[PDB]
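Okay, so here's the structure we're looking at.
Nothing in this text is a laboratory measurement; each read-out follows from the coordinates by a stated rule. Here Cβ is always computed from backbone atoms with ideal geometry, including for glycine, and neighbour counts include all displayed protein chains.
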Amino acid sequence: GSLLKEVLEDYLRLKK
Amino acid sequence: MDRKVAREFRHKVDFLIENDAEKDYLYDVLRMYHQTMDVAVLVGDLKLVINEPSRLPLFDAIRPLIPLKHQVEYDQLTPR
């Protein structure tokens, strides 16, 4: 399920 | 199914990386692995931003993400 990609999106969202 | 593990390690990073730069470097490292798909580039840059006991947790943290195959090659490249 692409774990790496999940963490990248998590950060980008945690940014805002 | 394993998303909490990512946010969990990622959360730990923020705790062990109050600065934004360290996070900027890490972001570039993650983007590299995704684009290059090479765990060799990750190991090199990883140490750069994970060459400290406090930053060590990131090396083991991000690992879980890496697929089984890349995990074997990743673990081999890493000091373990």
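Using θ = phi - 60° and the Karplus curve 6.51 cos²θ - 1.76 cosθ + 1.60, what whole-Hz ³J(HN,Hα) does each residue of the range B:36-44 get, with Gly and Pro shown as x?
7, 6, 10, 7, 6, 6, 5, 4, x
Could you name the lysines in cross-link range of B:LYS23, using Cα to Cα under 26 Å and dropping any fewer than eight places away on the same chain?
A:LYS5, A:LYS15, A:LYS16, B:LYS4, B:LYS12, B:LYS47
Please compute the contact order of chain B in relative form: average sequence separation of alpha-carbon pairs under 8 Å and at least six residues apart, divided by the residue count, as a percent.
Details: 49 pairs, mean separation 24.6, N = 80.
It rounds to 31 percent for chain B.
Using 1/(1 + (r/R0)^6) with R0 = 30 angstrom and r between the beta carbons of B:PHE15 and A:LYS5, what's the FRET efficiency to the nearest 0.05? Provide the component values of the computation, followed by the final result.
Working: r = 22 Å, r/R0 = 0.75.
Approximately 0.85, to the nearest 0.05.
Let me know the shape class of the range B:4-76, please: from the alpha-carbon gyration tensor, a ≥ b ≥ c as square roots of the eigenvalues, rounded when a/c is under 1.5, otherwise prolate if a/b is greater than b/c, or oblate. All intermediate terms of the calculation are to be shown ahead of the outcome.
Details: a/c = 1.62, a/b = 1.40, b/c = 1.15.
Prolate.
Subtracting the Cα-Cα distance from 0.36 nm times the residue separation, let me have the gained length for B:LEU77 to B:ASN51 in nm, one decimal. Each step should come with its number before you reach the end.
Values: separation 26, 0.36 × 26 = 9.36 nm, distance 1.47 nm.
That works out to 7.9 nm of additional length.
Between B:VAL41 and A:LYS16, what's the calculated FRET efficiency when r is the beta-carbon distance and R0 is 41 Å? Round to 0.05. Mind showing how you got there, number by number?
On the way: r = 29 Å, r/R0 = 0.70.
Approximately 0.90, to the nearest 0.05.
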